[PDB]
Chemist: 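Questions regarding the structure given below will be posed in turn.
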Amino acid sequence: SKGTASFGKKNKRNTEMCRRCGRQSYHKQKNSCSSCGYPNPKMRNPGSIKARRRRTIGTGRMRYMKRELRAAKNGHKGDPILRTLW
Amino acid sequence: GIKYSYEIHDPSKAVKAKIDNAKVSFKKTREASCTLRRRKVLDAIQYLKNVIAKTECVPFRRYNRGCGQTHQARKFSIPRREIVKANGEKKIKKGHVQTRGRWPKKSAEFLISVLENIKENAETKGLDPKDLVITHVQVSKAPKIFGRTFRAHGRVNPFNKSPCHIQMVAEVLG
RNA sequence: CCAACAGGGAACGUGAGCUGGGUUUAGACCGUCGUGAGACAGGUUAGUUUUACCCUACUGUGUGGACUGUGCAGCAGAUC
RNA sequence: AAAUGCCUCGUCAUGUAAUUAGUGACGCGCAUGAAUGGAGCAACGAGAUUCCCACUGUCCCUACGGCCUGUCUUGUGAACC
RNA sequence: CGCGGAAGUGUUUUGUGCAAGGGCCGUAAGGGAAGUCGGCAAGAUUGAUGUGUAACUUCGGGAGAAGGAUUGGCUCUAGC
RNA sequence: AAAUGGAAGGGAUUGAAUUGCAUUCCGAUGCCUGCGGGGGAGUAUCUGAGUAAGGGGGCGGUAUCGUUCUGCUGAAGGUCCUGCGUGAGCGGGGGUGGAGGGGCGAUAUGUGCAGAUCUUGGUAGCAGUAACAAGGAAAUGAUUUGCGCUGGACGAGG
RNA sequence: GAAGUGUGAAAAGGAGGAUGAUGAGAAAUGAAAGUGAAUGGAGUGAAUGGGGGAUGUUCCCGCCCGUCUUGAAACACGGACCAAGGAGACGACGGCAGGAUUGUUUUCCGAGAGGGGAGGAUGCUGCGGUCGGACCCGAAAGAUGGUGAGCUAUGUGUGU
RNA sequence: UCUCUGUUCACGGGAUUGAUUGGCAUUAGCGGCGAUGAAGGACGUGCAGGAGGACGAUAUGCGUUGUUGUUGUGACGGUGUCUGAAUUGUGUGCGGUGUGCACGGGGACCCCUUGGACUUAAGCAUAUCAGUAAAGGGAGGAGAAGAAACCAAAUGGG
Ligand SMILES: [Zn+2]
């Protein structure tokens, strides 16, 4: 009875949503995410060659880094009001 | 859509009707129509209503492997003939006794719909629906529609439908 | 007991006909052999038998009166 | 001559009309034997064996009957090769 | 528990009437394991209450040993 | 003296299955003789089977530079009919189609398919077959009657 | 860890059927496998092919290809059918052949100690050799770095 | 009628021809993130809205300046929920209780540490693959190196 009949017992859930990366891979009995490695301060080394291009710089929105790149083409002049103090 | 394969000469005396992608079995519908040509339009509607009541049968001639036998099918037998001078020489041709028939009854409702459209198109052109003769019937294959079914040992196989197209032309043989 | 209880062939006729006692992987016991893992045509016990709806063959059935002739094929009684 | 004996269906007795089976007795035992445990069966066993009573379609030799399938209709409509 | 009933809940209204062969069952003259590797399968015993119970034995058991008998309905009597 | 009914190849044959003969006849892509085509050879000629393998001459895909042409008065592709070539292949005619397409010399190659239990896509036969469904009824069906046994709450999971 | 691009110059317009309108055109092109309708011919022989003749047949010849093998029609293996894709190209170093330009070319023997005059160079194309994924497709394994006790096994806390 | 085979019209499927706001390669420049809160994640924002894209409670966009009268747009500046190194923390410098700095992201190329086996030797153990792959720590537009306790044996180089 290790086949069909054993599948009817699988109603416990070991994981929850991770608060760093958002996958269903934060193991609650272990206190550890298997994707990103939270709560270690550094992020985990990816497990495959393709895994590196699914979550990196550029696969999200880049809300601040785009702005900074437009400012470095013009010498980083800031708000025209505050320019008197500087 | 689908075009007619019949060339209608003298278009003042003819009537036409169609159905594309009809949700009915192609093989059963093609047998039910194989005795309709050269019948009167009103006698082909009564013949298809007796098929639903099971007092006349449809002869099964091409797609008929392992069909039931019945006494109503002997009305479509081919008689023994004499074929004189094939190429200057006389020969003899035995007959065939039919023996196989059935009563489809969902193909018969679809063919009654097409025959009713031809009867209401003759009114607009003002000609007598008791003088129409069927001169053309054709049943063709339409594209498949996909489905599935479950087999033992965790397997899946195809489980599909086979629809068809239907055309008709009727004429006054004055 | 009987008249008598002859000998053989047909993929050592015949497992999508059956049965599975012999043989019979994976469990186990004994004897002998080997330091050992193990060995023995030595003995013992427990051990899944799948699928025809196709072609042909064969059995019937169908392939359009009444009374008959005559060709072909089959073939039966044996023993006390 | 035992789940251990090659020769081997060992030899004698007993159960049968008839016993390569079973049980009792014999022993130079290819290769029985003492915690490698020997001898030993009260109680317990879906363990392995042989016989007796009872009982029966297991068989002599098959018959008749029930329900669901198959045979016949409509709908839905695969696969192996 | 089994063999039957409530409560609550679920349910349709123009297929045939039953060849052979299957799956699950019932009844069988006379014989009674001759069947088969092998009593496999089926049949048989079965509740309760008097009666009557062997060898052996670790004295506790064996034992519900084995073997024999009685049983419905109705109308009353006796005990607490 | 052997196991399905069977073999001078068969029907047959008293010499049409034995022996000895030749004065006749039939019979190859072999031989002789007249033309045609290829390859050698010192140019009056001689000589052609072929697996594994090696050499010579040709046909075809896509582009470049390099020259020389054609298409809306209808190109390529596709389909039917027809000419030329031993062949690989190359032309013309009539429909369809609605925008581009070639010749010749050198040069660059992801350069020619029937097979690999080849890869991906589409489609047959098997076959209207196997399998599954058709639940008790009453012209009507908020009414009458027949059958089955889970029925009601909390958690996990959705 | 996929599969999927196209009405037309213009929406000028369709989308059950029939009757129609617009447009240069009903509207990208539209092969094979396979099928329906009509009409001509043939058949009860498995079919298909070559020669020779003819609006089907009549005479002769003809077993299914590819492959491994001494040897295949094989009771040897792969192959139901059609389209498209699908395998000796490229780099380095050396040799030889054919071809191009130029030619006033050469550091020898011997372990050493010692001894001592005798047409190539630089490109281009092809073939043979070696190492490179190395003509194409195919193991049982080995190592480095990570994931799992929601099935199942044992211990322990708290309930039924 | 059925089976096989001619012809014409209609299906079925998506090959072929021609296009292309996509891919691929070589070359020249640049190599511009973070406690002044990054990269990444979650949830929200349009009068009538799902996906995508865009945006942050100043939310389907605001200000200045140029070009426009438009479904308007270019160049620059401001804002940016709740999270995440995520820190009201831990270590440490200077002061003497004030004020700094480090942490994470990325890692093709560079510096330091650690360190295989497949494979070749027609077997295999030293050897080879190779101090290479994988792993870890630390930097930049490059890094590392660098001004002889050198090379040599000449009429010496630097
Ligand atoms: Zn995470």
Side-chain angles (χ1 to χ4, degrees), chain A residues 2 6-7 9-15 17-23 25 27 29 34 36 38 41-48 50 55-65 67-74 77-81, chain B residues 1-7 15-20 25-28 30-31 34 37 54 59-70 74 76-80 86 94-99 102-106 113-114 117-118 120-121 124-125 136-144 147-149 151 155 157-162 164-165 167:
Chain A
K2 61 163 160 298
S6 282
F7 272 99
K9 293 173 172 246
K10 304 178 86 149
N11 63 343
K12 169 163 119 177
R13 286 315 166 259
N14 271 344
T15 69
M17 194 199 109
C18 172
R19 74 188 280 120
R20 187 148 80 177
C21 78
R23 296 185 58 86
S25 46
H27 198 291
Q29 185 172 353
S34 73
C36 77
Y38 180 89
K42 286 179 48 89
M43 293 278 254
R44 171 173 165 276
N45 195 44
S48 84
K50 286 200 187 165
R55 180 173 68 215
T56 42
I57 308 192
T59 78
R61 286 167 75 180
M62 277 169 102
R63 278 195 262 192
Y64 167 77
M65 264 167 82
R67 188 189 185 188
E68 197 280 324
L69 209 73
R70 174 160 70 83
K73 275 181 313 188
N74 315 291
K77 268 82 77 178
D79 190 14
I81 292 194
Chain B
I2 301 290
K3 180 178 178 289
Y4 289 88
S5 45
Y6 193 75
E7 288 286 316
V15 187
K16 299 187 310 194
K18 260 168 44 183
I19 298 176
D20 281 331
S25 172
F26 157 78
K27 275 182 192 190
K28 277 158 195 186
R30 185 263 153 199
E31 308 285 307
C34 81
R37 204 178 58 117
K54 310 193 48 190
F60 267 60
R61 297 171 151 169
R62 207 174 292 167
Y63 303 108
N64 56 0
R65 252 167 181 273
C67 186
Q69 310 185 293
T70 184
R74 301 215 168 190
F76 305 93
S77 302
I78 299 98
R80 167 165 171 101
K94 265 180 273 190
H96 188 252
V97 169
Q98 176 48 53
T99 286
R102 252 170 195 181
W103 301 270
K105 288 185 276 180
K106 179 157 152 177
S113 279
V114 188
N117 201 238
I118 266 176
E120 69 159 331
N121 295 348
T124 58
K125 312 178 77 163
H136 176 69
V137 204
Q138 176 184 310
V139 170
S140 278
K141 290 197 205 162
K144 294 157 167 153
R148 295 142 45 97
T149 190
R151 322 298 305 254
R155 263 183 305 129
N157 292 331
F159 194 77
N160 297 327
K161 328 175 172 171
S162 303
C164 58
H165 309 300
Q167 322 168 343

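Side-chain atoms are counted along with the backbone in the values below, which use heavy atoms only and exclude waters and symmetry mates. Throughout, a chain's letter reflects where its sequence line sits, starting with A, and its residues are numbered from 1.
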Chemist: Checking base pairs now: Watson-Crick or wobble, both atom distances under 3.5 Å. What partners D:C68?
Modeler: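 Its partner is E:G22 (Watson-Crick or G-U wobble, both distances under 3.5 Å).
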Chemist: What contact category does B:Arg62 fall into here, base, sugar-phosphate, or nothing, at under 4.0 angstrom with non-hydrogen atoms?
Modeler: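 It contacts sugar-phosphate atoms only.
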Chemist: Do G:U104 and G:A74 form a Watson-Crick or G-U wobble pair, with both donor-acceptor distances under 3.5 Å?
Modeler: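 When the criterion is applied, G:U104 and G:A74 do not count as a base pair.
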Chemist: Looking at H:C76 opposite H:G63, are both of their pairing distances below 3.5 Å, so that they form a Watson-Crick or G-U wobble pair?
Modeler: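 A pair, by the stated definition.
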Chemist: When only distance counts, do a donor and an acceptor, one from the side chain of B:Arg151 and one from the base of D:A78, lie under 3.5 Å apart?
Modeler: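 In this structure, the two groups form a donor-acceptor pair.
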Chemist: Looking for any heavy atom pair under 4.0 Å, which part of the strands does B:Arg148 touch: base, sugar-phosphate only, or nothing?
Modeler: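 Nothing: the residue B:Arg148, judged by heavy atoms under 4.0 Å, touches no strand.
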Chemist: Considering only G:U19, H:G104, F:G128, which nucleotide approaches the side chain of A:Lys42 most closely?
Modeler: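 The nucleotide sitting nearest to the side chain is H:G104.
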Chemist: Is any side-chain heavy atom of B:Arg61 less than 4.5 Å from a side-chain heavy atom of B:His96?
Modeler: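 Contact flag for B:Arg61/B:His96 side chains = no.
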Chemist: Side-chain donor or acceptor of A:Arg61 under 3.5 Å from a matching atom on the base of H:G53?
Modeler: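 Looking at the base of H:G53, it does not pair with any donor or acceptor on the side chain of A:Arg61 (distance under 3.5 Å).
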Chemist: Return the nearest nucleotide to the side chain of B:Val97; candidates are C:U63, G:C151, H:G104.
Modeler: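 Of all the options, the side chain of B:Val97 is nearest to C:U63.
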Chemist: Sticking with atom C1', work out how far D:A79 lies from D:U56, rounded to a whole angstrom.
Modeler: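 Rounded to whole Å, the distance is 48 Å.
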Chemist: Quick one: are B:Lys18 and B:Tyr4 in side-chain contact, heavy atoms under 4.5 Å?
Modeler: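 In short, these two side chains touch, coming nearer than 4.5 Å.
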Chemist: Select base, sugar-phosphate, or nothing to describe what A:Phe7 touches, counting heavy atoms under 4.0 Å on all strands.
Modeler: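 If one applies the 4.0 Å heavy-atom cut-off, A:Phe7 turns out to touch nothing in the nucleic acid.
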Chemist: Closest to the B:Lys105 side chain: H:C2, D:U74, G:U35?
Modeler: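 It is D:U74.
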Chemist: Which nucleotide, in any strand shown, forms a Watson-Crick or G-U wobble pair with D:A63, with both distances under 3.5 Å?
Modeler: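 WC or wobble partner is E:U27.
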Chemist: So is G:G66 sitting in a Watson-Crick or G-U wobble pair with G:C77, both distances under 3.5 Å?
Modeler: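 Yes.
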Chemist: What nucleic acid atoms does B:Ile2 come within less than 4.0 Å of, heavy atoms only: base, sugar-phosphate, or nothing?
Modeler: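 Sugar-phosphate only.
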Chemist: What's the closest nucleotide to the A:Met62 side chain, out of H:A39, H:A85, G:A37?
Modeler: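 The nucleotide sitting nearest to the side chain is H:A39.
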Chemist: From the set H:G41, G:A2, G:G36, return the single nucleotide nearest to any side-chain atom of A:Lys50.
Modeler: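 Selected nucleotide (nearest to the side chain): G:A2.
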Chemist: Taking only N and O in the side chain of B:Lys3, is any of them less than 4.0 Å away from OP1 or OP2 of H:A10?
Modeler: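 For H:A10, OP1 or OP2 has a side-chain N or O of B:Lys3 closer than 4.0 Å.
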Chemist: Identify whether any heavy atom of B:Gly66 sits under 4.0 Å from a base atom; if not, whether one sits that close to sugar-phosphate; answer base, sugar-phosphate or nothing.
Modeler: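 No contact.
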Chemist: It should be established whether A:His27 places a side-chain nitrogen or oxygen under 4.0 Å from OP1 or OP2 of nucleotide G:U147.
Modeler: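 Looking at the OP1 and OP2 atoms of G:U147, neither is under 4.0 Å from any side-chain N or O of A:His27.
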Chemist: Within the 4.0 Å heavy-atom criterion, would you say A:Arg19 contacts the bases, only the backbone, or no part of the nucleic acid?
Modeler: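 Result for A:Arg19 = sugar-phosphate.
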Chemist: Under 4.0 angstrom, heavy atoms only, what part of the nucleic acid is A:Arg63 near: base, sugar-phosphate, or nothing?
Modeler: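 Since a base atom lies under 4.0 Å of A:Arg63, the category is base.
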Chemist: If you go through the side-chain atoms of B:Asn121, does one of them form a donor-acceptor pair with the base of G:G17 closer than 3.5 Å?
Modeler: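 It does, because a donor-acceptor pair links the side chain of B:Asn121 to the base of G:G17 below 3.5 Å.
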Chemist: Is a side-chain donor or acceptor of B:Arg151 paired with a backbone partner of B:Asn157 at a separation under 3.5 angstrom?
Modeler: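 Side chain of B:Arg151 to backbone of B:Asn157: no pair is present.
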Chemist: Once you apply a heavy-atom cut-off of 4.0 Å, does A:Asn45 come out as touching a base, just sugar-phosphate, or nothing?
Modeler: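 Sugar-phosphate contact only - A:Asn45 comes under 4.0 Å of backbone atoms but never of a base.
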Chemist: Given that both distances must come in under 3.5 Å, which nucleotide forms a Watson-Crick or G-U wobble pair with G:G49?
Modeler: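 Paired with G:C61.
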Chemist: Output, in order, the C-alpha distance, side-chain angles, deciding distance and verdict of side-chain contact (heavy atoms from CB on, under 4.5 Å) for B:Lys94 and B:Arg80.
Modeler: CA-CA 5 Å; B:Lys94 265 180 273 190; B:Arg80 167 165 171 101; 3.7 Å; yes
Chemist: Do B:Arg102 and B:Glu31 have side chains that approach each other closer than 4.5 Å (heavy atoms only, starting at C-beta)?
Modeler: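 Answer no - side chains too far apart.
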Chemist: What I want to check is whether G:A97 forms a Watson-Crick or wobble pair with G:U125, both distances being under 3.5 Å.
Modeler: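 Under the 3.5 Å cut-off on both distances, the two nucleotides are paired.
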Chemist: So, are F:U123 and G:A80 a pair, meaning Watson-Crick or G-U wobble with each of the two distances under 3.5 Å?
Modeler: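 Yes; the pair between F:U123 and G:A80 satisfies the definition, which requires both distances under 3.5 Å.
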Chemist: Looking at H:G106, G:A38, G:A42, which one has an atom nearest to any side-chain atom of B:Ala86?
Modeler: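 Nearest listed nucleotide: G:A42.
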Chemist: What do you reckon, do F:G15 and F:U129 form a Watson-Crick or wobble pair with both distances under 3.5 Å?
Modeler: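 No, F:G15 does not pair with F:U129, since the Watson-Crick or G-U wobble distances are not both under 3.5 Å.
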Chemist: At under 4.0 Å, does any side-chain N or O of A:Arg70 touch on OP1 or OP2 of H:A75?
Modeler: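 For H:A75, neither OP1 nor OP2 has a side-chain N or O of A:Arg70 closer than 4.0 Å.
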Chemist: Measuring to OP1 and OP2 of D:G75, would you say a side-chain N or O of B:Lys28 lies under 4.0 angstrom away?
Modeler: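 Result: yes.
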Chemist: Quick test of your reading: by the Watson-Crick or G-U wobble rule with a 3.5 Å threshold, is F:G39 paired to F:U24?
Modeler: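 When the criterion is applied, F:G39 and F:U24 do not count as a base pair.
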Chemist: Test for a donor-acceptor pair under 3.5 Å between the base of C:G62 and the side chain of B:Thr99, counting only N and O atoms.
Modeler: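 For B:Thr99, whose side chain was compared with the base of C:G62, there is no donor-acceptor pair (under 3.5 Å).
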Chemist: Evaluate F:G112 against F:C59 for Watson-Crick or G-U wobble pairing; both distances have to be shorter than 3.5 Å.
Modeler: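 Between F:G112 and F:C59, a qualifying pair exists.
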Chemist: Under 4.0 angstrom, heavy atoms only, what part of the nucleic acid is A:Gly58 near: base, sugar-phosphate, or nothing?
Modeler: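 Sugar-phosphate contact only - A:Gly58 comes under 4.0 Å of backbone atoms but never of a base.
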Chemist: Expressed in angstrom and rounded to an integer, what is the separation of A:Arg44 atom CZ from H:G84 atom P?
Modeler: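 The distance from CZ of A:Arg44 to P of H:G84 comes to 21 Å, rounded to the nearest Å.
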Chemist: Hey, does B:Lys106 reach any base, or is it just sugar-phosphate, or nothing, if we go heavy atoms under 4.0 Å?
Modeler: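 Sugar-phosphate contact only.
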Chemist: What nucleic acid atoms does A:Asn14 come within less than 4.0 Å of, heavy atoms only: base, sugar-phosphate, or nothing?
Modeler: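 Base contact - A:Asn14 has a heavy atom under 4.0 Å of at least one base atom.
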Chemist: Name the nucleic acid region contacted by A:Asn74, choosing base, sugar-phosphate or nothing; use a 4.0 angstrom heavy-atom cut-off, strictly under.
Modeler: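 The answer is sugar-phosphate, as A:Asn74 gets under 4.0 Å only of primed atoms, P, OP1 or OP2.
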Chemist: With a 4.0 Å cut-off on heavy atoms, is A:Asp79 in touch with a base, just the backbone sugar-phosphate, or nothing at all?
Modeler: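 Sugar-phosphate contact only.
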Chemist: Under a 3.5 Å cut-off for both distances, is H:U120 Watson-Crick or wobble paired, and to whom?
Modeler: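 By the stated definition (distances under 3.5 Å), H:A127 pairs with H:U120.
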Chemist: Side chain of A:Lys10 only, please: which of D:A79, G:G150, F:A127 is the nearest?
Modeler: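 Output: G:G150.
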Chemist: May I ask which nucleotide in the shown strands pairs with H:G91, Watson-Crick or G-U wobble, both distances under 3.5 Å?
Modeler: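 Pairing partner, where one exists within any strand: H:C101.
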Chemist: Using Watson-Crick or G-U wobble geometry with both distances below 3.5 Å, tell me the partner of G:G138, or none.
Modeler: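 Per the H-bond distance test, none.
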Chemist: Suppose we define a pair by two distances each less than 3.5 Å, Watson-Crick or G-U wobble; what does G:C93 pair with here?
Modeler: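 Here G:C93 is engaged in a pair, and the nucleotide opposite it is G:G129.
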Chemist: From H:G32, H:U1, H:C9, pick the nucleotide closest to the side chain of A:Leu69?
Modeler: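 Among the listed nucleotides, the one closest to the side chain of A:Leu69 is H:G32.
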Chemist: Are more than 12 heavy atoms from other residues, nucleotides or ligands located less than 6.0 Å from atom CZ of A:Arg44?
Modeler: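 Enclosed: over 12 neighbouring heavy atoms sit under 6.0 Å from CZ of A:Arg44.
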Chemist: Between G:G17, C:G62, H:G78, which one does the side chain of B:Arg74 approach most closely?
Modeler: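 So the side chain of B:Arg74 is nearest to C:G62.
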Chemist: Using Watson-Crick or G-U wobble geometry with both distances below 3.5 Å, tell me the partner of F:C118, or none.
Modeler: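 Result: G:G85.
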Chemist: Can you tell me which nucleotide in H:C76, H:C33, G:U152 comes closest to the side chain of A:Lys73?
Modeler: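 Looking only at side-chain atoms, A:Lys73 lies closest to H:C76.
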Chemist: Run the pair test on G:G53 and G:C68: Watson-Crick or G-U wobble, both distances under 3.5 Å, answer yes or no.
Modeler: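 No; nothing between G:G53 and G:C68 satisfies the definition, which requires both distances under 3.5 Å.
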Chemist: Describe the nucleic acid contact of A:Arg20 in one word from base, sugar-phosphate, nothing, applying a heavy-atom distance below 4.0 Å.
Modeler: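 Counting heavy atoms under 4.0 Å across all strands, the contact made by A:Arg20 includes a base.
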